[PDB]
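Undergrad: Protein chains in written order, with the authors' numbering: chain F, 148 to 439; chain D, 141 to 349; chain E, 88 to 289; chain C, 109 to 406; chain B, 94 to 440; chain A, 67 to 422.
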Ligand SMILES: Nc1ncnc2c1ncn2[C@@H]1O[C@H](COP(=O)(O)OP(=O)(O)OP(=O)(O)O)[C@@H](O)[C@H]1O
Ligand SMILES: Nc1ncnc2c1ncn2[C@@H]1O[C@H](COP(=O)(O)OP(=O)(O)OP(=O)(O)O)[C@@H](O)[C@H]1O
Ligand SMILES: Nc1ncnc2c1ncn2[C@@H]1O[C@H](COP(=O)(O)OP(=O)(O)OP(=O)(O)O)[C@@H](O)[C@H]1O
Ligand SMILES: Nc1ncnc2c1ncn2[C@@H]1O[C@H](COP(=O)(O)OP(=O)(O)O)[C@@H](O)[C@H]1O
Ligand SMILES: Nc1ncnc2c1ncn2[C@@H]1O[C@H](COP(=O)(O)OP(=O)(O)O)[C@@H](O)[C@H]1O
Ligand SMILES: [Mg+2]
Ligand SMILES: [Mg+2]
Ligand SMILES: [Mg+2]
C-alpha cells in the first residue's frame, strides 16, 4: 500500500515518499489556532482541573505514571446543556498545549452509500496512529449514538456499523495507547452500553448549569475587550440573567455594545443589558384573551 | 494455428482431483430421499434402456429444501463420490460481480462447459440468493440480480434444450423464490428434507457409533 | 518441474520471451495483510481470572486438533470446528482471544466484521472467499471474528436491497464454513454481544 | 455501400480491398440452421392462438396484396404472455418448423456485454442482418430483463440499459418503417416492463395464454401417453377431471411420476391408480384444507 | 500548383479530431477520440472563421497539428426536428376544450399579430406555457391544432433527441435550436416530455447524471440569458407535474399553468366521426349504440376499434365493414381496462 | 465535398511557404494534465492523466516554480513528460461580466415598509466607508460580513440593490450557481482572482447570492467523488481571514434555507451581525401594489388596501404575479384599463388554487 516511484521501462523501485490519504481525512486536520486562556471559562473550573488532571500529565510526565505502575485512561466526555463548555474547552486545550488537533464531526460520518463510515473512521485513526503527538476530538457523538436495539428501517446499517467499527477501534484486539480520544455529546441516555465505560471512556465529566455568579463571571470577560463604564453592578446582572448559558450571555454582551454604538455612547449601563436581554427572545405577546 | 476448443473460461472443478471422501451408505436415516435422488440422477446414467422402453424421460433437475441439519451437502457428496459423469460445483454467490454484464455471462459460460463435456451434473448450493420473485427494481442492484435469474431461466428450457445435464439445487427455505422455477419441466422433484423422527434416530445412532 | 504447473496457479512471464520464469503461490490481497500482522498482548493466561471453567473448556476444543490428533484417532470422532463467545460486554470476549493468540500463534486472523462491505455490491462475498483461501493455504491457522451481529440477522422477506447484500454476504459465509470444501486444520472463534438475532442455519 | 467493410493497411492507412459479407458479428445465437425439432400436432387444445399467429406472420408475407388493398398497414409487434407459460417455447418452434423461412433467436441478456456503448452498438448491426434477409422473423426471450422502467440517473438506477432500450424503440420506428420483419415478444408478468412500447403505435397484437380446459388437458394427456405403454381399462378423462385448473406443464409431471412408479415394479404396465397417485403428489398447494378457511365465507 | 503543394504538405492518413477550446495564438487545445487531449498548434491556411468549440478538425499522427476544419452535414440534429409541412386539422379536429383556446391564442397569436394591447397599457407577454394532466388527455392533438393556425415557423422536439453521451452535445443543441428560432421567424419551442431530464435536482458522484444536470441548468440559463431573445414562445408539456422541477413552476420564468381535465361523452361523437371517416363505412352499421353503451374510452381506444373493425373485414375477404364487426370490435378491444366503479350507491 | 478550410489564396499564401515548416519540427506537441500536489524545496510534482497513469515529473528549464500550484493544467512533454508551459484553466471570462459598475434603475422608494432593515444595512455598509471614526473612538471592531436569510421573494435583491445605487462604486454580484463548474479546482482559483482584483480599487461592494450552492451548504456529505464544493469553500474561508482589517471591501451573503449556517463562519471576523428579512404587516404589501400598478394602465378609482387584506401570507413575487394575471383579464376582453374585478378574480385565481 505504498506509492513508490517505479521506472517506466526497467520497472525498478526508485523512490518511495508516498504520504497520501483520503481528501476527507486531510480536510479534518485542523491545527494552528489563536490561543485561549483557561481563565476565559468561569464557574466550571473544577471540570477544567479534572481535564488538567486527565490529559496533559499523560502527555507531559509519562514518568509520573510509570513509577506507580498505573495506566492512564484515554477517553473523556463532555456532556450537559448545549453551548456551555464542550467544544470551547478543548479548543483552548489544543490552543496552548499543541498536540496536533484532529476534529471529527458526527453527520459527516453518515454518507449516502453503504460502507463509508467504517472506511472514514478507520482512515481517521490510521492517520492518528502515525502522528504520535496527535489527539482525537469527536463532536456530536449522539448523532451516531443509538442503542443498537430497535431494529427499525433503515438506520440499522448506516449508523450501526459506523458505531461498531468505531467501538472496535477503542480497545480492539491490538492496543492503541499512542493517541488520546475526547468525545463531546449532549445526550447520555441514547448512547450504546458499549460506547460508555473504561477502555473506551468512563470519564463522565458532567457540566452543570452556570449559576448567577458564574453568569456574572462570563459576562465580565466578554465585556473586558470593550469600553465599559465602571458603574456596572454584577448583582443586578446575576439577578436578571435567568436560565442563560455563556453563549447567550455572550449574545447579550454583543447586543448591549451595539445599542451603545447606535446612540454613540462610549460606556455601558445596566439598562443596556436589560435591553440586550429582552432583544434575545424577541419580546412578544402581552395577552391571549383567555386569562381575564 | 487453431487451438483445441475450451482453451478458455473458468475452473474445471475436480472430476477426479480432490473428490469428497464419503461412502453412499454413510448416510444415516435417509432411505426414500436417498433412493429418489439416485433414481433421477445416477440410475438415468447407468440404466438407459428402461426409460426409453417405457417413455419416462427422467427429469432435468431436482429441488431440495428443508430446515438446517438434515443432510443436503453430505447426500450430494455421496452422489459426487459414486457418479461416473461430470460433476460441477457452483457457489450460488459466485456471480455477484461488480462488472456489469459479466453476471449473466458466467451462467452462459458454465453451461457451454457442460455441453462440451460429459453428460454432466451441475450442483448450485444457494438459490435463495438469486431466485427471489420480482417487482419494480427501483435500485441498480435489484436489476443486477434480476436479469441473471432470466439468463438462468433461458438456458435451462429454450430452443436448444440442453440434453443429458442435471441441475441439483439445495436451498434452505423454498418459498421466497420465483414460481416459474417451481414449475415442473425444470425441477420435477420437490424433495423435502424434514427432521428425523423415531425409527430413524436409532439408524443415525447406529451409523455414528 | 511442469507437474507443479497446476491449471490455476500463478506464474511470472518474461517481458520479451514471454515464457515462464518462476511460479508464485497466491496473492494475499493487502486488505487482509493488516489482519495478520499485530501483537495481541504478550499475555500468558495471567491477566485473566474467574473464568477457568470456561477458559479450559475453550482450550480443550481448539488446542487438541492443532497439537494432539492421536486422541481423536483413537475415538471414532471427527475433530470439531470452532466455538462461540456470547454474553454481556465487559467479561473477556477480546482478551480471551488475545490470550489464545499469544500461545502457539502459528497463523492468526482477526476479522473486524465491519470492514468487509463497501459501495460495491459483489465485493463482500469476494473478500470472504479470498480470506479463507489464505487461511486454508497456511494450514494450522486460527480465525477470530468479532461482532457477528453486524452481518448476522434472520433471513427475512423484502428488505430494501442494501440489506439483501448482507444476506447474500451471509450465505457465502455459510457455505465456506460448512459446505462442499472440507475445512481442515482451520478453526474459527466467533464472538458477539447479543446472541438472539442470528441465523438458525448459522 | 451501406455497412460495408474494407481491408485497411495498418501503417499508411490506405485501402486494400472491399470486403464481402456485411457486418454481423456474433451470429452463433442467430441463424439456427436446423428446422426439425418439433412437429405441428404435439401442442393441442390451444388452437385459437395458433390461427392468430399464423395469420399475423404468414398472411402478411405470403399474401401482402390482401392488406395493401384496404388502406391500412401491416402489424409487426406481437406480445405473448402466460404466467406459468402454458406453451410459449413449443408454440414458437412449431411456427419455426412449419414456415420455410429464416429464423432469428435473440436471448434477453446478451446486450450488456462488458462496458459502455458496445451493447448499444450491436443493436443497429443486428437488424440490418434481418433486413439483409427479408424473409426473417426475430424472436425475443424474457424482455423482463431488457427494460423495466425509466428511472433517474446514476444514483439509484442503472442508466446504461436505458441507452440500449431507447435504441430498440427507435430502431423499428422513427427513422424508417421497416417491412417484412416481424418481432415476437415472449415474457409474462406485465407490470415490470415499460408500457411505452406497449402502446398500439408499436405492438398491435397481445395474445394471452389461459390455463387449459378439460378437453385441452385431455388432448395434451393423449400426446404424452401416445409414446407410452398403456393397459386397457383406463380413463384419461378422469385424470383431466382431477386437475382443478391445471397448467399443462404438469401433464408431463404426471406422465413422469406414473412411468416411474411402473419402473420400480419392473413393469411395463400401468393402471389408473398409478396416475391417481401421480396427480395427488403434484397437487401440493398451500390451500389450508381445514374446512374452516374456505368455509366461514360461504 | 500552390493548391497541390499545401494539400500534400500535411500527412495523408488524416485523423478525425475534436475541438474543445480556442486560444488566439496560433495553437489550441483539441481532443482525440480516446479523450486524450493534446496541446497542439494550428496552421494558418485553416480558415480561422468557422472554428467553434464542439466542431471537428483534422489532425496529424506525428505532431497532431490542426490540419483543417471538418464539416459534419453542418447540423444533422436541428433540421430533422423542424416542421416544414402542414399539421392536422386546424380547429375542427378538437372539441370540448374551448376553455383553454383563449389562453393559447392570446398568449401566442396576440403578442405576434396584434402587439398593441401590450403597448396601450404596458403588460409584457408570457413566455412559458405548461400543459399537464392525465396521460394522453389530448396534449399532442392540441399542440398540433394551435401550430396549424400560425404565421410563423414551428419547432417540434421529441424529448429523447436531446440527451447524448458526448459530454457537450447536451448543451450544444440548446444553442443550435434557439439559433434556428432566432434566424427564422419567432418560432414556438415545443419540447415535449421534459420530465425525464428535469426532476428533483439531485447531484451524484458518477459520470452518469452529470450530463443531465448541466444540460438542465444550461437550458434554464439559455432560456433566461436576458440579453436578446426576440419574443421566443416556449410550450412545454408533460403528463405529470408533482415529480418535476419546482424552480420552473415558480414565477419569473413561467406564469402559465394550463391543465387539461377529463372529457365527457359529448366530445366523443366527433372523435367517432373523425376516426370513422377515412374508411369504407358501410351504410348498414350503427355507431350511436356504441357511444351510448361504453362510458369510458379515449381517442386511442376508438382508433383501436377502427383498426380491429378494419381487420375483421379483411379476414373473411371483404371490402366494406359490417355492423357486427363494430359490435365485436367493441366487445373485444374495449375489454382491457373496465375495472373499478361505484355503481348503485350514488344519487 | 471535402472542403478542409479552403481559404481563397490571399491570406495564407505567404504563411504556407516555410512558417508551416517552422511549426512542424521546432513546435512540439504537448498534453494538458492535472497536478495533485507538490513538495517543498524540490519540485517532485505528482501528476495524473486520469486515462493513462499518475506520473512524478519535473518542470523544464523554461518556466519558474512560482505559478505552479495544485490543480493546474501544464504542458507535458510527449517523451520526457516534463512540464514545459503551464496552462491556466481558461482565465478569465467571469470577472468583466460581474463588475459592471453600471447605474441600476431602482428607485430608493422601491423598498418601503421594512424600514428597520434599511437602517441596519445603512450602518454596516455606508458608515464604516464614509464615517469610520466612531468605530475608532470607542473600541469595537468595524463590522465586516453580514449574512442575510429569510423567506424567498422577500426583497433580498432589492435591499442588496438599495446599497448598490447608494454609493455607485464597484458593485459585484456573484451568482452562486456560476461557481459550480465541471473542472476540479476550477472555481477556487476564481475566488483568489476575484478577491485580489477587488482590492486594487477602494470602496468596493461584493454580494454573494444563492449561497445554497457553494456557500457552505452540506459541506461534504453528498459529493463522494467530485469534491469541488468543499475545495472552494475551504479556499474562501481561508482567504477571507488572515488579512483585510479596518474595512476596504464589504462582503455580503444571502441564503434562503436557514440551515446552511457554519459556526466557523460565526467566529468573529467573518460573520458578526444577523440581519433577516420578514413579511409586511399591512402597508409594505400595499407599497408593492401601488408600485406594480403605475407601470400599467389601471383605474384611478380603485384601492389597494382591500387586495392586501385578501393576501394573508404572500410575498412581492406573488403580488407581482397577481398584477400580471389581473392585467391579462383586461386583455381577454377589449378593455384598455384595469378595473377592480380583474384584480378580484386574479386573487381568487392565485391564492384559492393551491396555497390555502
Ligand atoms: N442423516 C445423517 N447421517 C449422517 N450424518 C449426518 C446426518 N444428518 C446430518 N449429519 C451431519 O450433520 C452435518 C450437517 O449436514 P450438512 O452439512 O449436509 O448440512 P446441509 O443439510 O447441507 O444444510 P445446512 O448446512 O443448512 O444444515 C454433516 O456434516 C453431517 O455429518
Ligand atoms: N474476566 C476478566 N479478567 C481480567 N481482566 C478483565 C476481564 N474482563 C475484562 N478485563 C479487563 O478489561 C480490558 C479488556 O476489555 P474486554 O476485552 O473485556 O472488553 P469486551 O468485553 O471485549 O468489550 P465488548 O464486549 O464491548 O467488546 C482489559 O484491560 C482487562 O484488564
Ligand atoms: N399446450 C401444450 N402442449 C404441449 N406441451 C405443453 C402445453 N402447455 C404446456 N406444455 C408443457 O409445459 C412446459 C413449458 O412450456 P413452455 O416452454 O412453452 O413455457 P415457458 O415459456 O418455458 O414457461 P415460463 O413462461 O414459465 O418460462 C413444456 O415442457 C411443455 O411440454
Ligand atoms: N464559561 C464560559 N466562558 C466563556 N465563554 C463561554 C462560556 N460558556 C459558553 N461560552 C461561549 O459559548 C459558546 C458555545 O460553547 P461550545 O463549546 O460551542 O458548547 P457546545 O459545543 O455544546 O455548543 C462558546 O463559543 C463560548 O464562546
Ligand atoms: N418594498 C417593496 N416594494 C416593491 N416590491 C417589493 C418590495 N419588497 C419586495 N418586493 C418584490 O419582491 C421581489 C423579490 O424578488 P427576489 O429578488 O427574487 O427575492 P429573493 O432574492 O428573496 O428571492 C421583487 O421582484 C419585488 O418586486
Ligand atoms: Mg448445508
Ligand atoms: Mg470486544
Ligand atoms: Mg419459456
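Virtual Cβ for every residue (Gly too), placed ideally from N, Cα, C.
1) Could you tell me which residues DSSP pairs with residue 275 (chain A) in its beta bridges?
2) Does the beta-carbon of residue 134 (chain E), which I'm using as the reference point, lie nearer than 8 Å to any heavy atom of ligand 2?
3) Tell me which residues pass a beta-carbon proximity test against ligand 1: closer than 7 Å to any heavy atom, given in chain order.
4) Let me know the secondary structure DSSP gives residue 211 (chain C) once reduced to three states.
5) Assuming residue 399 (chain B) is part of the alpha helix (DSSP H), what are its boundary residues?
6) Consult DSSP for residue 411 (chain C) and reduce its assignment to one of helix, strand or coil.
7) What did DSSP end up calling residue 209 (chain F) once you bin it into helix, strand or coil?
8) Quick one: does the C-beta of residue 233 (chain E) sit closer than 8 Å to a heavy atom of ligand 7?
9) Thinking C-beta only, is residue 156 (chain C) closer than 9 Å to residue 280 (chain C)?
10) Do residue 213 (chain C) and ligand 3 come close, with the Cβ less than 8 Å from some heavy atom?
11) State yes or no: is the C-beta of residue 230 (chain E) within less than 9 Å of the C-beta of residue 169 (chain E)?
12) Tell me which residue opens and which closes the beta strand (DSSP E) that residue 141 (chain A) is part of.
13) Short check: CB of residue 203 (chain A) to CB of residue 270 (chain A), under 9 Å?
14) Is there a Cβ of chain B sitting closer than 9 Å to that of residue 125 (chain A), yes or no?
15) Interface residues of chain E around residue 312 (chain F) at Cβ under 8 Å?
16) So, helix, strand or coil for residue 260 (chain D), using DSSP?
17) Beta carbon of residue 314 (chain B): closer than 8 Å to some heavy atom of ligand 3?
18) Chain E beta carbons: is any one of them nearer than 9 Å to that of residue 250 (chain D)?
19) Identify which residue in D:209, D:205 and D:228 has its Cα closest to the Cα of residue 155 (chain D).
20) What residues in the segment 350–366 of chain A bring their beta carbon closer than 9 Å to a beta carbon of chain B?
21) Residues in its own chain within less than 7 Å of residue 422 (chain B) by CB, not counting five upstream and five downstream?
22) Kindly say whether residue 136 (chain B), judged by its beta-carbon, lies nearer than 9 Å to any beta-carbon of chain A.
23) Label residue 398 (chain C) either buried or exposed according to how many other C-beta atoms from any shown protein chain fall within 10 Å of its C-beta, with 16 as the threshold for buried.
24) What residue from F:273, F:286, F:157 and F:412 has the CA that sits closest to residue 330 (chain F)'s CA?
25) Given residue 279 (chain B), which residues of its chain have a CB within under 8 Å of its CB, disregarding the five upstream and five downstream residues?
26) Where do the N-terminal and C-terminal ends of the alpha helix (DSSP H) with residue 327 (chain C) fall, by residue?
27) I'd like to know whether the C-beta of residue 423 (chain F) is nearer than 9 Å to at least one C-beta of chain E.
TA: According to the structure shown:
1) A:241 and A:320
2) yes
3) D:166, D:167, D:168, D:169, D:170, D:208, D:209, D:210, D:211, D:212, D:213, D:214, D:215, D:310, D:312, D:333, D:336, D:344, D:347, E:261, E:265 and E:288
4) strand
5) 392–408
6) Nothing about residue 411 (chain C) can be read from this structure; chain C reaches only from 109 to 406.
7) coil
8) yes
9) no
10) no
11) yes
12) 139–142
13) no
14) no
15) 199, 201 and 202
16) coil
17) no
18) no
19) D:228
20) 361, 362, 363 and 364
21) 398, 401, 402 and 405
22) yes
23) exposed
24) F:286
25) 205, 245, 323, 324, 325 and 326
26) 322–332
27) no
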